[PDB]
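A single chain, nothing else alongside it, follows as structure tokens in the form deposited in one PDB entry.
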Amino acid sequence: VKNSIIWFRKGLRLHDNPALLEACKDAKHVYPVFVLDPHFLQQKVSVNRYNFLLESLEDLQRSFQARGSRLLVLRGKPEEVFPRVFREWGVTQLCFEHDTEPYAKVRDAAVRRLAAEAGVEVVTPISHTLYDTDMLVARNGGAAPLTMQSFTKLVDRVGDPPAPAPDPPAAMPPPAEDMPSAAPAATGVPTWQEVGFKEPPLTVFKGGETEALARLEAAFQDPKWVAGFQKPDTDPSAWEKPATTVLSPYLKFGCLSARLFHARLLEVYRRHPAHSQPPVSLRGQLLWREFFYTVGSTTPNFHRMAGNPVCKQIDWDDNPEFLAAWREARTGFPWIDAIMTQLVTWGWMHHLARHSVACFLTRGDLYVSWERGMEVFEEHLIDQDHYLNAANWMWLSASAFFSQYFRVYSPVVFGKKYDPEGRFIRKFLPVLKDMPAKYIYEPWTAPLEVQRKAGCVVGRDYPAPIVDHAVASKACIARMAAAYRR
């Protein structure tokens, strides 16, 4: 007979899940399995992203229960758990989505060795990305592109990505009854309290396939806004209705298929001929995700500076005092501090909002290593992607891809061009909710009578700026000019 296991790691979805379709095909019993390490916290990971994962698991549970099946959340390590449940369930086929991360390449190779000793067929289709990222490197001549423009000409030379896979059947083969490793009490979806978290999640984005599909349709409600999407022109101070899709947390965990997103964009572009072109287009943003995934998978030490053949070697400063002030939203700059507050509260910021805080920490003012700022973003970002966090932090640090260090964002005037009233700052920094808009970006420039009337006195209620931008910026630019002379 056929008893199949569909292993979920990314790909927390049912639409366009080619590995799920192979598992359910001709199967007598299907075992949807998610491997959960109960000692992860005893290793880093905030409760916002982790509950986003748990909420995303509850969506598959309701989806599997609606189709006559059931999601099995197994505890332990895949290498210890899979050899047991193989012979316990009589497994003949194991399917899971292909992953190109460094840890995943070591982990899947081990499970491939374990399934071969148990006589289990391993099937790993690609759907997390748009294309076969190995086929991109082969058709390019054996090397990955290092520019978006060279990368854009490659995927256009290949053609359209594969269409999204059809929906799975409405009735799935259930797991076999009376199995010890599939007990409901041991395979239930845990809560954030039970996994060992004290504080509740404060984010506003609910995880799951249902939420990803609903947010997708809401974005395509206005095809005019979809076709004319230009990324650098979006508003980073828009928090009530963000100026972008905010689909990154769902694309990270796999709740939303990238090929589903791409084929929906083509439906709009075919009717809107003056639509935006890459890289500023909405497709182009998906191509950024496809571009960084291709280079990082073929580049050694991509999440680090040393040993990285594409990262410029820069003698970043070790200043724990600036790092503590930047990660704790106490830099004295309300524009930077409000964004770092939105990071720990929502887990998501606008792309240009991440630009201001990343530039300020590195090549802009504090000259702290981009690696240290990436660790802070790995923990709180609900859309944390290993290849994407890394390449975008080397961009903002002028270490790779980007090399125009002379462009330094002003932590005072950047947010003023979009929000002169400071509506963004007053929401996340309520200590300045009464400060007049004339001094809300520069609280140290307000007279002491205005500071008391507004209820916010610099130094007692709000910290003074840790640096003078004109002095700090002038020092960081000169150092990067001497380093880029290497």
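What we label the rigid core is the largest C-alpha set whose atoms superpose within 1.5 Å from one form to the other. The first residue of the sequence shown is number 1, and the count goes up from there. Shifts are known only where both forms have a C-alpha.
From this point on, the text means the form deposited with a small molecule bound, which you will not see here.
Put simply, of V45, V450, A27, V458 only one has a heavy atom within 4.5 Å of the small molecule in the deposited bound form, and it is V45.
Of the residues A182, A104, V155, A144, just one reaches the small molecule in the deposited bound form with a heavy atom at 4.5 Å or closer; this is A104. Residues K10, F40 and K252 are all found to lie within 4.5 Å of the small molecule in the deposited bound form, as judged by heavy atom distances. For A454, no non-hydrogen atom is located within 4.5 Å of the small molecule in the deposited bound form, even though that partner is not displayed. By the criterion of a heavy atom within 4.5 Å, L53 is counted among the residues contacting the small molecule in the deposited bound form. At least one heavy atom of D99 is located within 4.5 Å of the small molecule in the deposited bound form. Taking the partner from the other structure, the small molecule in the deposited bound form has no heavy atom within 4.5 Å of any heavy atom of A446.
Of the stretches 413 to 421, 427 to 435, 30 to 38, 60 to 68, only 30 to 38 has residues with a heavy atom within 4.5 Å of the small molecule in the deposited bound form. Residue shifts between this form and the one not shown, rigid core superposed: of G68, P38, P436, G455, the only C-alpha displaced by 2 Å or more belongs to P38. Segment displaced between this form and the one not shown is 37 to 43 alone (run of at least 3 consecutive residues, each Cα moved 2 Å or more after rigid core superposition).
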